[PDB]
Structure formats: C-alpha cells, structure tokens
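Novice: Have a look at this one.
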Amino acid sequence: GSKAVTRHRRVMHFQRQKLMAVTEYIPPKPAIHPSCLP
Amino acid sequence: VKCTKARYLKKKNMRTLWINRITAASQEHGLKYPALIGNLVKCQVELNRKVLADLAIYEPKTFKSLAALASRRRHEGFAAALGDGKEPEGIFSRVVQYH
Amino acid sequence: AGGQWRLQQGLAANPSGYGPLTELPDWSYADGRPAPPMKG
Amino acid sequence: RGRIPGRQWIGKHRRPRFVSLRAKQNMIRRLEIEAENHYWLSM
Amino acid sequence: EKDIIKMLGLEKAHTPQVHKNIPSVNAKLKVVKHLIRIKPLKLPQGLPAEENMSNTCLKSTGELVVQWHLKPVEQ
Amino acid sequence: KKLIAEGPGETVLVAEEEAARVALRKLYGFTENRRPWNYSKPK
Amino acid sequence: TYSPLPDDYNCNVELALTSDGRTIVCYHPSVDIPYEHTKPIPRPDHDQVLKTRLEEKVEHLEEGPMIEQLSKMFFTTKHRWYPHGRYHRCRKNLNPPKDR
Amino acid sequence: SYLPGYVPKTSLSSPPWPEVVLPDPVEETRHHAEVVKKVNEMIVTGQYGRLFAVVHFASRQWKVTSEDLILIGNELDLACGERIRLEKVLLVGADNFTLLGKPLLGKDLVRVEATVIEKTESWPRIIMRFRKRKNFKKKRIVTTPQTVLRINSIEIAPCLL
Amino acid sequence: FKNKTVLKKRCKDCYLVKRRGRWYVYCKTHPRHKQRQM
Amino acid sequence: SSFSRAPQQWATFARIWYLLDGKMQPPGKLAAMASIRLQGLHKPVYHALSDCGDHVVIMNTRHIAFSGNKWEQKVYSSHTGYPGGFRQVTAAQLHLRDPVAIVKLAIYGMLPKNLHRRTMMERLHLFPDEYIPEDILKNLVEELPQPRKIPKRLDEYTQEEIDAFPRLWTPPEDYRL
Amino acid sequence: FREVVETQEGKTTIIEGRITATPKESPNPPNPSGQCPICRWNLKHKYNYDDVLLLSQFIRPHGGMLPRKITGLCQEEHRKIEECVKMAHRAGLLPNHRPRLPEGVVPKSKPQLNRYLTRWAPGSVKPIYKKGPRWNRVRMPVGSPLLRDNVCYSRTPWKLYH
Ligand code: FES
Ligand SMILES: [K+]
Ligand SMILES: [Mg+2]
Ligand SMILES: [Mg+2]
Ligand SMILES: [Zn+2]
C-alpha cells in the first residue's frame, strides 16, 4: 500500500471522510445582519 | 434455486406495486404517497399497502374519505406548528390511549 | 412509516410489537365461548 | 473516457466518494444516541 | 467487543435486556457503548409483585407497567 | 332531468343498451350492491 | 366552508368523530352528473331502379401494407402482428383457469 | 397602512401554497354529532346493502365481504363446519357510509362470522441451495398446512351515539 | 495575444476587460502587453 | 357499478387522450408528466403486463423554454455507424432543424428501457405549433395544467398592481437618469 | 428627474436642462430603521429575477442599472439586483427597456429561443461536448449563487447546477 506520509493527498477512509464533513466549523449567524441595523 | 430465491422478490415487487397504485390514487385527490401514509398513522388508522391499493380500485368512495382524512390531519399539523402550544390540539389529532 | 411518531405517544415503533392489535385474540366461537390462547 | 486505473476502490488512484446529506444525518443520529449513553453511564 | 456482547446477553438485536447500574457492569458497557442504546428502567407502579409477574409489559418509554389491561382509558 | 342510470360501451348503441339494463336492475332491486341473501337459521 | 377536497367530481365526503372519539364516521354519497353537463346522442348518421345489392369490399392486401394499416388504427408496432412458430402456439394453455 | 411585518407582494413574499383556515372546534363539534346521528339513523332503518370489512386475522389484513373465501397458511384447531367470529375489524364500509377504527372497532358495533370448510396441506414447495465450485447442493420439500374460511355474514348495530 | 494564467498589467495604459467569458488585457500604446486568460 | 362484465372491463382499461401546452415550459417537466401517462402509472389498476397506457398530445413544442444556458451548453450526440460519423449539435441547432426532437428525446429517455417503450411512443403526438388535426382533436378528454407558471412581463401588469406595489427609494430631482 | 434637450435654430445650437416630476417614496415604511430600501420594506431574501416591479425602480429607461450612491442600496443587494436585471432582460420580461438603436438600424431577425434563469451571456458560452464521468461531471449553471440564501419554502434547497 501507501505510507502514512505522501507527496500526494491521500484518500481517506469513507468513515473518516464522513467525520470530517460533520465536524466542520459553523460560524454564528445573527438574526439580523449588522448592516441592516443602525 | 431461482424459485427458492424468488420468494423474496415476490414480496418486494408486491409492495412496490401497491405503492405505485396508492401513489396514483392519491394524486387524483391532490396528495402524495408520504402525506397519505404518514398522516393515516397519525390518526391511529393501521391499514397496510395491500388493503389501501385494493380500496383504490374497488372502493373509490372510501379511498377519497381516507385521503380527505389525511389532508385534514396534515393541515392540523401545520396549524399546530404555527402556534407555540397555547392553542389546543386538533379534533383529528387526538390520540386514544390504551392502558 | 410513522415509527418515530408512535414512539412519541408511548407506543411501539412497529404496531406488531404490542398493544390491542397484536395482543388481543384474533377470533372466538360464534356462541360466545373464548378461543384457546394463541401460540405467539 | 473516465477510466479509473486498476480497481476502483483500492490502490493509489481511487474513484472519489462524496458524502451525501443523509450520510451526514445518519452519522449525527448515531452520535446523539452515544452522547446520551455517556450521561446514563455517569451515575 | 464480540465477547462483551455475549456476556451481556445482547446476541439478538432490538431485544431489551436489563442490567445493574454498577461499576463492573458499566465498565463492560463503556467498551461497546457505540453498539447499544442505554435507557433507565422506570417503575411508575413500583416493583412487580408475585400477583403481577404475568401482567407486566415493557414500553418504549422505559416504563414497566404491572397492569397490562389492553383496553382504552376511560378518562 | 334526473339521472337514473348510466352505462358504458364501445359504441353509442351498446352503451345505450347497457344503461337500460342498469336501470332495470335498480327498478327490480337486483343490483350488485344489494345485501346478500340471509342464510342464518330462521329465528 | 372548509373542505379538505373539492366535493364535485366523485362524492360528498363529510368526516365526523363519535362522542368518545374512538370511531371515524364518513358519509360519502355519490354525486350525479347534471343534465347540463351532457351532450345529446348523435342519432342521425332517389331515382334508383336497381336494388343496391351488398358488394364485397374485401380488397387484397399484402402482409406488409396490412400490418401498417393495423399498427396505425391501433397505435402499435408491426412486431405483434407477425405470426409465431408452432413451438409457442402449442405451449399456450387453451383451457386457462377462470376466476369469476 | 403598513404594519411592522408587512412585505410587499412578490414571488417569494408569501408561500406558494394557499392559506387554509380550519373550522371552529366548537361549531365543528356539533356538526360532527349531526353526521353521526345521520349515519346511525341509516343503520336502524337498514338503508344499506352489501358490506365489506377489513379484518386482521393471522398477522394479516383481509378485505372481505359475505360469501367469500380466504386462504390461511396455518392450522386453526377447529373442526370443519365450525362457526367462529372474527374479532378485530379495522374498517366496515357501505356504498354511502364508512366506519373506521382507531385502530379497532368496538365489538358492539360490527360482527363478522366465518366458517371452516377445508383443512389441507399446501402444494410441495422446493427449497434448494447451490454454490458453485464448492460441492454445495441440497434439496428440501415442505408442505405447509392451510385452512379455508368462508365469510358468512357481516352485520352492524346502531351504537354510534 | 499570449495565454496567461495570471494576468498582470505591464504599464499604465493596460486595462482589464472581461470578454467571451474570460479576462483579457489590452494595450493600445504597447500591443505586446496583450494577454489572454488560459 | 351494476354493469355487465364486458362493459365494466372495457371502461376500466380504456385509453384516454390528454392535452399539454408546451409554451414556455421546460421539456423535462413536460416529459415527467407525459411519461407516467404513457405507462399508466396514473391509474390504480396499473400493471406492466397490462397495456394500460394512455394517449398524450403535446402542442406548441416549438415554444419550449430551457433554463440556464442549455440552448448553448446542452449537446445531443449520435453516430451514423460509419467512420467519422459521430455528430454533436447543440439544442438550438437541433430545435431549428426538428422542433419536436427535444421533447421527444426527453420522453424517450424517461420511459422504461424495454420493448414496450417503442409502443408507448406511438401513442405520443407532438405538434410544433398550436394547429392539431381534426381526428386527434375530436377524441380529446382533458387538458393537463402547465407545470411551470409563465411569469408576466412588465407590460402585462395592470395599472392597479403597478400602483399597489410601493416605491422604495426617492431619486434626486437633479439626476439626469 | 433632470432632462437635457437641444434645439437648433438659425445654425445656432442651444442646450438646456429642465427638471421633471420626480417620484416620491411611499410613506410609512414598515421598518424605518432599515439602511437601504430593501430592509426598510422587509424584502431581503424575498425577491427573484421575475419580480420586475421591484427591479424596474433601479434601472434606466434603456435597461441599464443605476448607481449605488443614488439608489442607496447596500453592495450585497445592489449585486443581486444587478444580476436579476440581467436575467430579466434575457427572459423577455423588460420589453420597454430596450437598448437605444442609432438612426438607420433595423435589428435582424434572429432565432427566438425562450429562456429563463440565464446566468451567463448566450454568445460567450460554449457547448459541453464532454460531460465527463459521474464524479467529475461538467454541470450547466442555472440561476445565480448570489440568490442562494433566499427564502426557500421547500425541503429541497435551490439547485444551481444541472
Ligand atoms: S438590505 Fe438591509 S442594508 Fe441593504
Ligand atoms: K486504483
Ligand atoms: Mg500502511
Ligand atoms: Mg479497472
Ligand atoms: Zn501596456
């Protein structure tokens, strides 16, 4: 197979790929955009 | 071997056929299959696909009564989603309890 | 369908699990006599 | 066109697999159960 | 993990089993806590008596009722 | 101007004949919807 | 004035519950086609000396043109109008089971 | 003439689906009672014909009417000719009215009776398994017992109100 | 022109403009500064 | 229904003719509703082994509307079978050459991949313009509603709706515009 | 609004500027605290390419967009309206705001192709001869990504690539 360190980005196990997709930064969204407010 | 493995396909293809016939009878009344099955369960009506598709062919006036009931329970769910609990539950949204 | 909604009403996800539909006897004698308990 | 060299899901150059929306929800549903399991294993 | 599932009597799936909430049992559960669903046992009527052993029923809420009458509530 | 019977057919003459047959069954009460014969033991 | 479905095409559905709320009653009588929504059936469709005897109009048609006339009047393909061999004509059940 | 939550009319200003207003529960409660009294008055007067019912029997739902047959795939332990009553009725319908259970109808409102006419085995069913290149082959034949019922009568009682 | 993946102005008279779905660089003073997006 | 056994059977399995107006409608949406009618998936008596399909008539197939830039991007590819016989034209090129090919190819791709499909396509009638033959026009039953709602141009609004919509900003009076 | 006119008499040209009646914003806005005409009327995330009554108030007589320092819009909404106007012209919803044709020009008859939700200019779009494999498909853009946060009343979100 392939070593742990590679010159190319190595494809993840699907379980890990799903984990990385769930654990994504979600920025806070204010109820009203600050620009619309005085 | 084919006849022995075909007993799993027969049961699968039947339910696929029933659903296709229910979907067709629900669109005649402006409904979709998920809104009929899901809201008949909410009215404690436990009728399976086999019976429902049989009713759509041989008892059309009874199937429209079931579709009108599902549409009524579906509209009560939206009304309750607009309130914050203060408004009481709908007439067809009540659930009979069994002890 | 409806499994999660049934769970919110203190019911089983499958109506076959418990309740009147499954627990109650399926038939009885016309005279009125009760039938012997079902195996299940 | 569009050959994946060798076998699809093994080796160096694989066929890319993408995470659907229900796959995310399915994983989140499992997490909510096990997170509630930690609470009952704590008393 | 396969052995712990046998010790806890969880071979067949979706089959509620009752265990004691103690450290030794909990430890075995912390090894397979991703294969199971843990819920507390509730006793609204209390422990089953000798005259109720055959009238019980475990609901999906986790409650054990000692009077399974199978009849609509009059209330 | 009151519908008493209605029948299908491939032609307009066959359909007009079946409609009359449908009306006669209703007049005599020998429809399909009629309640079944009672075989229960006479009281 | 609320109605789940329009009560015009099939029947008049009126849902109801019992006092105890353990039974759903549905009154659904059939609606009749009004008289104004119909059409009248088209009933209507010399110095002759010789009685017009019935003349046979069975014109000869070859296999080709005949399958084109049949596939147009029934809106089908030519394939079903071609014959089959003996093997299949003898496999068909001529006394099939009849349900009602 | 504009409120704080007023939005000028656009394609996405309001939902596409039409607004629905349900009846007043109070006014609707007395309308339900009039419909139940009407259907109950149709049962006392026998203003109905043939009836169909959906019964739950042997883990299965059957759309049955009078003098019809149903095939059961098990033994019931009843002599041929014995008359029984099917207790679970999910639905009983007529040409002009239909009754639904939640999920089962009351016993004092509908009575379905059947009769055993035949106790017999099914035709032989082939159970055979095969796996290539493993010398794996085995055959089994089974004949499940069956029981044929004839639905005798479906009668209802005026106990709605 | 000259196909470039990174467009860049080489004098004050060069001006960017988006045409035919891609960015270009035109120059009337020095026509050799002309570039096409690759 | 108290009919005879033969007429009851003739009615249940009868073929009905439907009418569709393709003006300002995307072919796919037209083909999605036309495909279930041709198979008979709108009938509760549907079965594959039953020739329970219906007739669909689509008019104004020359005035369909594509979304996006599909007139330019979308390509229909074929092969004559001979060396160098691989052709590729855009939807616009095909539409100007055959005003019913786009709608016909979308429906032919939605029908099941079996022998019955070529039989369902004989029961499909396409006309570029709104003209329809008398025969096909005498056996129509129902006109299906357009899936897409044709939006109104700014010249189609009445003076009521224009004045009903409020003005949002106050332009300067010294602006040349 | 201001207008300019030129009148030539006796080989002498005269140029003048005359004011004209100017429309006034409707009174009693729902949200007086809003910063631009959009939030003042609670229209944010509630208009599309087909809402021409809204879009016509921000364009010129010939179909061009108006400056942002005039309308008072926010850069976020000025870009949305600028893109929804592009798609309204392309769908044939603004037939009275056509470009000015100089004297002596008769537009040629061109294939009338009905279209909507046209992100790109037709002439600058090339055909997709190679769709590509399922995992690297070349999609066809439909709509605009600037309208992605608009209010959706369905469970399926706006699909922008076909
Ligand atoms: S929308 Fe509120 S600032 Fe532009
Ligand atoms: K590989
Ligand atoms: Mg390794
Ligand atoms: Mg390979
Ligand atoms: Zn330069």
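Residues in the structure tokens are numbered from 1 in each chain, the chains being A, B, ... in the order shown, and ligands are numbered from 1 in the order shown.
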Neighbours of residue 139 in chain H within 7 Å (only C-alpha atoms; same-chain residues fewer than 6 positions away dropped), as a PyMOL selection string?
Specialist: chain H and resi 127-129
Novice: Residues within 10 Å of range 57-73 of chain G, please, as a list in words. Count only C-alpha atoms; anything in the same chain fewer than 6 positions from it doesn't count.
Specialist: residues 79, 80, 81 and 82 of chain G; 119 and 122 of chain J
Novice: Could you pull the residues within 9 Å of residue 38 in chain C, counting only C-alpha atoms, minus those fewer than 2 positions along the same chain, as an MDAnalysis selection string?
Specialist: chainID C and resid 25:26 35:36 40
Novice: Please return, as a PyMOL selection string, all residues of chain H that DSSP assigns to strand (DSSP E) on the basis of the backbone.
Specialist: chain H and resi 52-57+60-65+69-72+83-86+89-93+97-101+110-121+125-131+136-142+145-156
Novice: If the cut-off is 9 Å, can you tell me the residues of chain K near chain A, counting only C-alpha atoms? I'd like them as an MDAnalysis selection string.
Specialist: chainID K and resid 33:36 39:40 74
Novice: Enumerate as a compact mmCIF listing (two decimals) with C-alpha atoms, in the first residue's frame the residues belonging to chain H that approach chain G to within 8 Å, with only C-alpha atoms taken into account.
Specialist:
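So result_33.txt came out as:
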# COMPACT_ATOMS: atom_id res chain seq x y z
CA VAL H 21 -58.41 28.02 7.84
CA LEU H 22 -59.81 25.09 9.79
CA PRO H 23 -63.34 25.18 11.25
CA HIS H 31 -71.55 19.35 13.15
CA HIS H 32 -69.86 16.00 13.83
CA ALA H 33 -72.77 14.90 16.03
CA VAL H 35 -73.30 13.40 10.82
CA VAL H 36 -73.08 10.54 13.33
CA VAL H 39 -75.39 7.51 9.72
CA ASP H 95 -71.90 2.32 -0.53
CA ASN H 96 -72.88 5.52 1.29
CA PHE H 97 -71.01 5.41 4.61
CA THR H 98 -67.78 4.04 6.07
CA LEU H 99 -66.66 3.36 9.64
CA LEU H 100 -63.03 3.35 10.76
CA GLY H 101 -61.37 2.02 13.89
CA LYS H 102 -58.60 3.64 15.93
CA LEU H 105 -63.78 -1.07 16.08
CA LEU H 160 -72.64 5.08 17.36
CA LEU H 161 -74.33 7.70 19.54
Novice: Kindly compile the residues surrounding ligand 2 within 8 Å, counting only C-alpha atoms and all ligand atoms, and format them as a VMD selection string.
Specialist: chain D and resid 4 to 15
Novice: Would you list the contacts of range 24-35 of chain D as JSON, numbers by chain, taking every protein, DNA or RNA residue within 7 Å and counting only C-alpha atoms, but skipping same-chain residues closer than 5 positions in sequence?
Specialist: {"A": [18, 22], "E": [33, 34, 37]}
Novice: Generate a file of the selected residues that holds N, CA, C and O atoms, formatted as a PDB file, in the first residue's frame.
Specialist:
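out-v2.pdb written:
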ATOM      1  N   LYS A  18     -16.587  11.050   6.207  1.00  0.00           N
ATOM      2  CA  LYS A  18     -17.861  11.477   6.775  1.00  0.00           C
ATOM      3  C   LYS A  18     -17.659  12.251   8.069  1.00  0.00           C
ATOM      4  O   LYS A  18     -18.349  13.244   8.319  1.00  0.00           O
ATOM      5  N   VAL A  22     -18.883  16.159   9.075  1.00  0.00           N
ATOM      6  CA  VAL A  22     -19.769  16.509  10.179  1.00  0.00           C
ATOM      7  C   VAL A  22     -19.110  17.522  11.101  1.00  0.00           C
ATOM      8  O   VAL A  22     -19.778  18.398  11.660  1.00  0.00           O
TER       9      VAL A  22
ATOM     10  N   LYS E  33     -20.255   0.903  24.047  1.00  0.00           N
ATOM     11  CA  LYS E  33     -21.249   1.964  24.144  1.00  0.00           C
ATOM     12  C   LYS E  33     -21.656   2.520  22.787  1.00  0.00           C
ATOM     13  O   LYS E  33     -22.599   3.316  22.723  1.00  0.00           O
ATOM     14  N   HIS E  34     -20.979   2.128  21.714  1.00  0.00           N
ATOM     15  CA  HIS E  34     -21.328   2.545  20.366  1.00  0.00           C
ATOM     16  C   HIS E  34     -22.112   1.484  19.612  1.00  0.00           C
ATOM     17  O   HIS E  34     -22.419   1.680  18.432  1.00  0.00           O
ATOM     18  N   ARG E  37     -27.992   0.903  23.002  1.00  0.00           N
ATOM     19  CA  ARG E  37     -28.796   2.034  23.443  1.00  0.00           C
ATOM     20  C   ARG E  37     -29.130   1.814  24.908  1.00  0.00           C
ATOM     21  O   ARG E  37     -29.762   0.812  25.258  1.00  0.00           O
TER      22      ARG E  37
END
Novice: How far is it from CA of residue 62 in chain K to CA of residue 94 in chain K, in Å with one decimal?
Specialist: 9.7 Å
Novice: Within 12 Å of ligand 5, counting only C-alpha atoms and all ligand atoms: which residues, as a PyMOL selection string?
Specialist: chain I and resi 8-16+25-35
Novice: Would you put the residues from that selection into a file with N, CA, C and O atoms, as a tab-separated table (two decimals), in the first residue's frame?
Specialist:
chain	number	residue	atom	x	y	z
I	8	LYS	N	-1.55	40.28	-15.64
I	8	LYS	CA	-0.84	41.35	-14.94
I	8	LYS	C	-0.61	42.50	-15.91
I	8	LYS	O	-0.20	42.27	-17.05
I	9	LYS	N	-0.87	43.72	-15.46
I	9	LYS	CA	-0.61	44.90	-16.27
I	9	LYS	C	0.87	45.23	-16.26
I	9	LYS	O	1.53	45.16	-15.22
I	10	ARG	N	1.39	45.59	-17.44
I	10	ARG	CA	2.79	45.93	-17.60
I	10	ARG	C	3.03	47.42	-17.78
I	10	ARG	O	4.19	47.84	-17.87
I	11	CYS	N	1.98	48.23	-17.83
I	11	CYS	CA	2.13	49.68	-17.90
I	11	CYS	C	0.82	50.32	-17.44
I	11	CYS	O	-0.14	49.64	-17.09
I	12	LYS	N	0.81	51.65	-17.45
I	12	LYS	CA	-0.36	52.40	-17.00
I	12	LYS	C	-1.50	52.36	-18.01
I	12	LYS	O	-2.65	52.60	-17.63
I	13	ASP	N	-1.22	52.06	-19.27
I	13	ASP	CA	-2.23	52.08	-20.32
I	13	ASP	C	-2.88	50.73	-20.55
I	13	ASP	O	-3.77	50.63	-21.41
I	14	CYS	N	-2.48	49.70	-19.82
I	14	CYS	CA	-3.14	48.41	-19.90
I	14	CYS	C	-4.42	48.43	-19.08
I	14	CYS	O	-4.46	49.00	-17.98
I	15	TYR	N	-5.47	47.80	-19.60
I	15	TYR	CA	-6.76	47.79	-18.94
I	15	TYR	C	-7.39	46.41	-19.04
I	15	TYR	O	-7.38	45.78	-20.10
I	16	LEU	N	-7.93	45.94	-17.92
I	16	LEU	CA	-8.61	44.66	-17.86
I	16	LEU	C	-10.03	44.78	-18.38
I	16	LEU	O	-10.71	45.80	-18.20
I	25	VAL	N	-6.30	41.35	-21.37
I	25	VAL	CA	-5.55	42.57	-21.12
I	25	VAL	C	-5.26	43.19	-22.48
I	25	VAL	O	-4.64	42.55	-23.34
I	26	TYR	N	-5.72	44.42	-22.68
I	26	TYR	CA	-5.48	45.16	-23.90
I	26	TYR	C	-4.61	46.38	-23.62
I	26	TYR	O	-4.62	46.92	-22.51
I	27	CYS	N	-3.85	46.79	-24.63
I	27	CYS	CA	-2.99	47.96	-24.52
I	27	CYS	C	-2.82	48.56	-25.90
I	27	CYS	O	-2.32	47.89	-26.81
I	28	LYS	N	-3.24	49.81	-26.06
I	28	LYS	CA	-3.09	50.49	-27.34
I	28	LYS	C	-1.69	51.05	-27.52
I	28	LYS	O	-1.18	51.09	-28.64
I	29	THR	N	-1.06	51.50	-26.43
I	29	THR	CA	0.29	52.02	-26.51
I	29	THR	C	1.28	50.94	-26.92
I	29	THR	O	1.99	51.07	-27.92
I	30	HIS	N	1.33	49.85	-26.15
I	30	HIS	CA	2.24	48.74	-26.41
I	30	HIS	C	1.42	47.48	-26.64
I	30	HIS	O	1.04	46.79	-25.68
I	31	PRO	N	1.13	47.12	-27.90
I	31	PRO	CA	0.29	45.94	-28.16
I	31	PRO	C	0.92	44.63	-27.74
I	31	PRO	O	0.26	43.59	-27.85
I	32	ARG	N	2.16	44.62	-27.27
I	32	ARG	CA	2.79	43.39	-26.81
I	32	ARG	C	2.41	43.05	-25.37
I	32	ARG	O	2.74	41.95	-24.91
I	33	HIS	N	1.75	43.95	-24.66
I	33	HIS	CA	1.28	43.67	-23.31
I	33	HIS	C	-0.02	42.88	-23.31
I	33	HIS	O	-0.55	42.60	-22.23
I	34	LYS	N	-0.53	42.51	-24.48
I	34	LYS	CA	-1.82	41.85	-24.57
I	34	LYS	C	-1.72	40.41	-24.06
I	34	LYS	O	-0.80	39.67	-24.42
I	35	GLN	N	-2.68	40.03	-23.22
I	35	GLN	CA	-2.69	38.71	-22.60
I	35	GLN	C	-4.09	38.14	-22.65
I	35	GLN	O	-5.08	38.87	-22.64
Novice: Restricting the calculation to only C-alpha atoms, which member of K:99, K:29, K:143, K:133 is positioned closest to residue 115 in chain K?
Specialist: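 Of all the options, K:143 lies closest to residue 115 in chain K.
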Novice: DSSP on the backbone, then: every residue of chain E marked alpha helix (DSSP H), written as a VMD selection string.
Specialist: chain E and resid 2 to 7 23 to 31
Novice: For the selection just defined, write its residues with N, CA, C and O atoms to a file, as a CSV table (one decimal), in the first residue's frame.
Specialist:
chain,number,residue,atom,x,y,z
E,2,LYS,N,-16.9,-8.4,20.5
E,2,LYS,CA,-17.9,-9.5,20.2
E,2,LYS,C,-18.1,-10.3,21.5
E,2,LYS,O,-19.2,-10.9,21.7
E,3,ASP,N,-17.1,-10.5,22.3
E,3,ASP,CA,-17.2,-11.3,23.5
E,3,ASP,C,-18.1,-10.6,24.6
E,3,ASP,O,-18.9,-11.2,25.3
E,4,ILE,N,-17.9,-9.2,24.7
E,4,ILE,CA,-18.7,-8.5,25.7
E,4,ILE,C,-20.1,-8.6,25.4
E,4,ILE,O,-21.0,-8.6,26.2
E,5,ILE,N,-20.5,-8.6,24.1
E,5,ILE,CA,-21.9,-8.6,23.6
E,5,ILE,C,-22.5,-9.9,24.0
E,5,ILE,O,-23.7,-10.0,24.3
E,6,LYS,N,-21.7,-11.0,24.1
E,6,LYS,CA,-22.2,-12.3,24.6
E,6,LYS,C,-22.4,-12.3,26.1
E,6,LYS,O,-23.4,-12.9,26.6
E,7,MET,N,-21.5,-11.7,26.8
E,7,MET,CA,-21.6,-11.7,28.3
E,7,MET,C,-22.8,-11.0,28.7
E,7,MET,O,-23.4,-11.3,29.8
E,23,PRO,N,-20.4,-0.3,38.8
E,23,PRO,CA,-19.2,0.0,38.0
E,23,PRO,C,-18.7,-1.2,37.2
E,23,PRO,O,-18.3,-0.9,36.0
E,24,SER,N,-18.7,-2.4,37.7
E,24,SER,CA,-18.2,-3.5,36.9
E,24,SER,C,-19.1,-3.7,35.6
E,24,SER,O,-18.5,-4.0,34.6
E,25,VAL,N,-20.4,-3.6,35.7
E,25,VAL,CA,-21.2,-3.8,34.6
E,25,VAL,C,-21.1,-2.6,33.6
E,25,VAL,O,-21.0,-2.7,32.4
E,26,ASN,N,-21.0,-1.4,34.2
E,26,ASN,CA,-20.8,-0.2,33.4
E,26,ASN,C,-19.5,-0.2,32.6
E,26,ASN,O,-19.5,0.2,31.5
E,27,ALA,N,-18.5,-0.8,33.2
E,27,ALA,CA,-17.2,-0.9,32.5
E,27,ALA,C,-17.3,-1.7,31.2
E,27,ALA,O,-16.8,-1.3,30.2
E,28,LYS,N,-18.0,-2.8,31.3
E,28,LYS,CA,-18.2,-3.6,30.1
E,28,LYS,C,-19.0,-2.8,29.1
E,28,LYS,O,-18.9,-3.0,27.9
E,29,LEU,N,-19.9,-1.9,29.5
E,29,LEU,CA,-20.7,-1.1,28.6
E,29,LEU,C,-20.0,0.0,28.0
E,29,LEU,O,-20.3,0.4,26.9
E,30,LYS,N,-18.9,0.5,28.7
E,30,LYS,CA,-18.1,1.6,28.1
E,30,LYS,C,-17.3,1.0,26.9
E,30,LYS,O,-16.7,1.8,26.2
E,31,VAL,N,-17.1,-0.3,26.8
E,31,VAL,CA,-16.4,-0.9,25.7
E,31,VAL,C,-17.2,-1.0,24.4
E,31,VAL,O,-16.7,-1.1,23.3
Novice: Return as a list in words every polymer residue, whether protein, DNA or RNA, with at least one atom no more than 9 Å from an atom of ligand 3; count only C-alpha atoms and all ligand atoms.
Specialist: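 Those within range of ligand 3 are residues 1, 2, 3 and 4 of chain A.
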Novice: Considering only C-alpha atoms, return as a PyMOL selection string whatever protein or nucleic-acid residues lie within 6 Å of residue 38 in chain I, sequence-local ones (same chain, fewer than 2 positions apart) excluded.
Specialist: chain I and resi 3-5
Novice: Using Å and a single decimal, report how far CA of residue 147 in chain H sits from CA of residue 121 in chain H.
Specialist: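 Atom-to-atom, CA of residue 121 in chain H and CA of residue 147 in chain H are spaced 8.4 Å apart.
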Novice: Looking at K:73, K:152, K:66, K:52, which one is nearest to ligand 1, with distances taken over only C-alpha atoms and all ligand atoms?
Specialist: K:73
Novice: Name the residues in contact with residue 31 in chain C at a cut-off of 10 Å, using only C-alpha atoms, excluding same-chain residues fewer than 6 positions from it; report them as an MDAnalysis selection string.
Specialist: chainID H and resid 83:85
Novice: Near residue 27 in chain J, counting only C-alpha atoms, which residues have an atom at most 10 Å away, once you skip same-chain residues fewer than 6 positions from it, shown as number ranges by chain?
Specialist: J: 61, 64-66, 102-107
Novice: Select, from E:36, E:55, E:1, E:44, the residue with the minimum atom-to-atom distance to residue 16 in chain E, counting only C-alpha atoms.
Specialist: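 Checking each of E:36, E:55, E:1, E:44 against residue 16 in chain E, counting only C-alpha atoms, the winner is E:36.
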